[PDB]
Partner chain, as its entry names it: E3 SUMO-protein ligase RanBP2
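As structure tokens, one chain now follows by itself in the form deposited without the partner chain.
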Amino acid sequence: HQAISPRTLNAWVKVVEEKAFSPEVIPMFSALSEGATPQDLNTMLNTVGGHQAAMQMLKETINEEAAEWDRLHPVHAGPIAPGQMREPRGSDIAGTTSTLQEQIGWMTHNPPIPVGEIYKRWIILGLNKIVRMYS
């Protein structure tokens, strides 16, 4: 496993430097986070400089989507089949309380819990709100 690359991050801040939460940021966010783990996605978000209010908004986002995931995805009671992974909560999909190893384990499972794709969805939803505000 290789983490998101230095050049990918350059491509990602180049988008932001030039486009900055115009509609175009979203498809490039989406293509650049290709195969990203929740840990990659937070490395992306933590790289953005210069847009402090937008990043706050986005994180606030994040949190709403995480609280909601947990409401709609109640955990099943009593210990699980041969240690084959706890179910991820919102804070785990968001890479806050999960481990790279956990993130990958979910991601590669049969069948797969795509915790990167789910996280990317919440970020895209937050970026849609930012674009709507700044247009």
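Numbering follows the first chain given and starts at 1. For the two forms, the rigid core is made up of the largest set of C-alpha atoms that agree within 1.5 Å on superposition. Shifts are known only where both forms have a C-alpha.
Same protein, other form: the form solved in complex with the partner chain, not shown, and the subject of what follows.
- Does residue 72 reach the partner chain in the deposited bound form if we count a contact as any heavy atom within 4.5 Å? Residue 72 lies outside the contact set for the partner chain.
- Look up in the deposited bound form whether residue 84 has a non-hydrogen atom within 4.5 angstroms of the partner chain, and give yes or no. Result yes; residue 84 sits at the interface with the partner chain in the deposited bound form.
- Look up in the deposited bound form whether residue 80 has a non-hydrogen atom within 4.5 angstroms of the partner chain, and give yes or no. Close contact exists here: in the deposited bound form, residue 80 approaches the partner chain to within 4.5 Å, heavy atoms only.
- Item | Shift of residue 83 between the shown form and the other one at or above 2 Å (CA, core fit) | It does shift by 2 Å or more.
- Send over the list of consecutive residue runs, 3+ long, where the C-alpha shift is 2 angstroms or more at every position between the shown form and the other one on a core fit. 75-83 is the only stretch that shifts between the shown form and the other one.
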